[PDB]
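First, one chain by itself: the form deposited in one PDB entry, in structure tokens.
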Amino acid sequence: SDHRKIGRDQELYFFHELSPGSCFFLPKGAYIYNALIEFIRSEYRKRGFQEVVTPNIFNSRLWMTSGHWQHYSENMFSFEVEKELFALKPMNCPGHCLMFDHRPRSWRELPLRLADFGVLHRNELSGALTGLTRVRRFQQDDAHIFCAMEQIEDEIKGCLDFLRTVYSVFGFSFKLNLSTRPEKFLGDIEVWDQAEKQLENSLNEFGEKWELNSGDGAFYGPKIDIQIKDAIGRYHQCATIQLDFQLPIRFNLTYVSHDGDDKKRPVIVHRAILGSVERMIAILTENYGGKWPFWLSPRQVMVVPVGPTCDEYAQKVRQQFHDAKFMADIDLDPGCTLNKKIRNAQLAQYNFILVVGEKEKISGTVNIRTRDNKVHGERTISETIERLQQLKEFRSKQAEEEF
């Protein structure tokens, strides 16, 4: 089960030597892409996240401040503009630190959750590059939570909840591990201790088992790492919750508290769930075997007529399903058998096959078979649309069966 082959055969995405580590998404794959993105966006609008758009290149002084030239230079594409150094952003964080520092901010605005889907480029060796799993270019579901030390606990709760929701939609399971302060660390030990206290507390509060790795954290902060398990029984590292006490210092971030102190530093929480959209597309592709849930599927409805007798009506049907914002196609080919068309639609992984006969044209109705050839028998166009939009909006895992 390979996402590259399945990628080619469904005309989702392909690859080319002219841009190694970067992907070409054909319209269907692009649909899947934007579908994932807007899923995350809906959840954002539930959870109080605010999306921003940031520059893709920056002067060397920013990667100076952030710690990227000292630490990350190898992975970064750099070039010289007007005698000054510039680089493509490997991460969204420093830009967001700039957005936070744009104007004086008070305690009233915290927690401030800034989200970015912006394009990230990382330099990775040509022989290391494979498919969508290891890539140079990717879009990440990225967010930074700026908060007071004390809000952190609640924030983490939210974070965990967020994860659950998303993965509950995919049907994935997950494992949690707490990586605490290592021997090599930068910061004030008190800050570390309170932070880790809150992390542990919200972890227990969450109610699910976790392991404590004791010193496997980073030098700039403690972290909660999350492993997801798919239906094939594969384990993936996708989501992350990473605290940062360093970045607010390096960029000199401050906020007004309620007791008047304006010199207070915030805590930065780097958070991601899907990881990168690309790698998540790979994972989902292999996990589903190319057989997509209705809400995620670039091929949703396939309209078939019984004969040229009634194409006019298939056309009207398909159009009515198109304006309902479904991905819907039609097979008008006179040189094909009805059974052959249905079989091809089911091989093309169309979730629902709507067959139209004479009774179908006369009564203003459609007849329904499924990708797995279940015949849900005859329905009104209105009813079919309503039920399908229910199964879409709720992102049902098996739609065909539950219809």
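Between two forms, the rigid core is the largest collection of C-alphas that superpose within 1.5 Å. Counting begins at 1, following the sequence as shown.
The stretch with the higher mean CA B factor, choosing between 145-153 and 260-268, is 260-268. Higher mean CA temperature factor between 74-82 and 197-205: 74-82, per the PDB entry.
Annotation for 286, 216, 244, 116: 216 ranks highest, by Cα B-factor.
Highest CA B-factor among 277, 302, 163, 125, as stated in the entry: 125. Residue 341: CA B factor lies in the middle third for its chain, per the PDB record. Among the modelled residues of its chain, residue 182 has a C-alpha B-factor that falls in the highest third, as given in the PDB entry. In the PDB entry, a CA B factor belonging to the highest third of its chain's modelled residues is recorded for residue 355.
Compared with the other modelled residues of the chain, the Cα B-factor recorded for residue 44 ranks in the lowest third.
When the modelled residues of the chain are ordered by their C-alpha B factor, residue 22 lands in the lowest third.
In what follows, reference is made to the form deposited in another entry, a form of this protein that is not presented.
Considering 202, 92, 287, 300, one residue stands apart with a C-alpha shift of at least 2 Å between this form and the one not shown following superposition on the core, and it is 202. The two forms, fitted on the rigid core, differ between this form and the one not shown by less than 2 Å at the CA of residue 232. For residue 108, the Cα coordinates differ by under 2 angstroms between this form and the one not shown after the core has been superposed. Relative to the superposed core, residue 82 shifts its CA atom by less than 2 Å between this form and the one not shown. Cα of residue 182 to Cα of residue 275: at least 3 Å shorter in the other form than in the shown structure.
The distance between the CA atoms of residue 90 and residue 219 is at least 3 Å shorter in the other form than in the form shown here.
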